[PDB]
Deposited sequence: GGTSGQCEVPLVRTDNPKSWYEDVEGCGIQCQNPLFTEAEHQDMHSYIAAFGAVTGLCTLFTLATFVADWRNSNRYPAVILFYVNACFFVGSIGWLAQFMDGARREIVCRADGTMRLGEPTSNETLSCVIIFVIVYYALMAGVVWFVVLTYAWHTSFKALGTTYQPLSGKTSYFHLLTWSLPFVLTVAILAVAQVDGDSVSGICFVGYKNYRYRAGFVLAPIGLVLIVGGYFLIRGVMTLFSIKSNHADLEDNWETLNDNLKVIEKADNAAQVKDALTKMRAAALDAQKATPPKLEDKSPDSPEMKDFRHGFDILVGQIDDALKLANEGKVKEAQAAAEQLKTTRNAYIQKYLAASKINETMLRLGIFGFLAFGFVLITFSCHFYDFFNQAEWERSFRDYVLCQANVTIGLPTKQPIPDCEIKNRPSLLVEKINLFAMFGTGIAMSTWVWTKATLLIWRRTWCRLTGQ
């Protein structure tokens, strides 16, 4: 035994000395976790890191294999999301290279990497931090771009905005990465096997992880609610029109096979009810436009004509003319196709837009979990530090000289981080990438790869 007791190791570097304990620094194998926990977390990260790596690479290769058709917004946003999670996996898997984990996570003296960039130490820690943090943050800024684009693409039935998507997603995590290095708040950890911001000083996790993720949840959340509201607004008004069109089509059949004015008058009144009900509906072309807009007046005008022609046939039928009323119903079919059919087509929401919403909501859930776990660690780090400090000073309170009848040391870390919370965080973090990679899990991509192999061989 020597000058230092577990979890401190002997060091000649004063920048590594732990508070009042001169000549001792914190052992590189994170003292807050057991060896069994370390080996369990490394297997977890290796599994999740490799699967994210393979699934995102497949989605990247599938996009570039059909790059002529695939490079189209808002679908190509999923390509860039998958690129962030691919680059991210490399940073997480680097620790599995013979001896790289200890090279990334330890100082030259065998203590924990803290407050990096540190003078005279290698750059292995900052590079791994840059890859993991930049990829993690670019991936979530792309999530806000996914929610915004899905919200704004309903206005069709993104030109120019595409460059502002790239400017925002690649320069924002850049500014955040340079800011962390300027304040030097990168810390190493042997259980995650990476270097990251605010592991030790929890205030920096709050400002560089919780605040940016927090803001993407309120902004991304707002555009998801506005988009899902617009979607059910278009879907309901479309189905209303289809139901009114079907009512007009069925009562037109009745007037065609009628042999009395009472059968004609009854079907015309049911047609008049449908026309005035369909007039109340908001056309999909003006789903976000004024109720007195030029497009809105046009839609209503068509039904005013259609009502007039129903009433003109009703005047003849109400008095006694049967033949003169039935012939007018044939003319209603032309007015129907010229003034209504145009609006029953402008509300057909395509499959891309349908699953782009599913992916946005699914991505939101995983980012919300990530936020909650990062919040848990932020909130409880102050108590995990006083527990550790008390444990260190308990262990360092060693008997000096010949043995007196002193009781056996009784030291333990009271409260320590939750490995389960870290496993939930990493599950939702790597789970976003694996879930977003299933964007190309369609029958159409099976054909893209069939076509590619045939051209190669």
Stretches with no C-alpha position, numbering per deposited sequence from 1: 1-3, 161-166, 467-468
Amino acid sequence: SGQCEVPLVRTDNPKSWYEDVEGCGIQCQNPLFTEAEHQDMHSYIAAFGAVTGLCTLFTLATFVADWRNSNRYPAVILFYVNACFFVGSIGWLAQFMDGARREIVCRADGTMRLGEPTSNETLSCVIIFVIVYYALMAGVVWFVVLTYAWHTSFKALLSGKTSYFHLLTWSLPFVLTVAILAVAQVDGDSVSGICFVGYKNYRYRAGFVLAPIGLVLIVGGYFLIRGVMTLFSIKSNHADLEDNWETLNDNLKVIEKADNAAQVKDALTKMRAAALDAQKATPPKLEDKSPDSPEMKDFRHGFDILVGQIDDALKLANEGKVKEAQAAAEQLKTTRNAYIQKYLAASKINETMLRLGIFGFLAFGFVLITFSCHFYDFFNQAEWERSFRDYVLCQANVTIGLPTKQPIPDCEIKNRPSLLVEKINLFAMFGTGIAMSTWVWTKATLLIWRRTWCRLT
From here on, numbers count along this sequence of modelled residues.
Higher-B stretch (mean Cα B-factor, as the entry records it), 336-344 or 311-319: 311-319
Greater mean Cα temperature factor according to the PDB record, 6-14 or 440-448: 440-448
377, 385, 266, 103, ranked by C-alpha B-factor: the highest one: 266
Highest recorded Cα temperature factor - choice among 49, 403, 31, 431: 403
Record-listed C-alpha B factor of residue 63: chain third: middle
CA B-factor ranking of residue 157, expressed as a third of its chain: highest
Within-chain third of residue 243 by Cα B-factor, per the entry: middle
Where the record places residue 297 (Cα B-factor, split into thirds across the chain): highest
Third of chain Cα B-factors occupied by residue 79: lowest
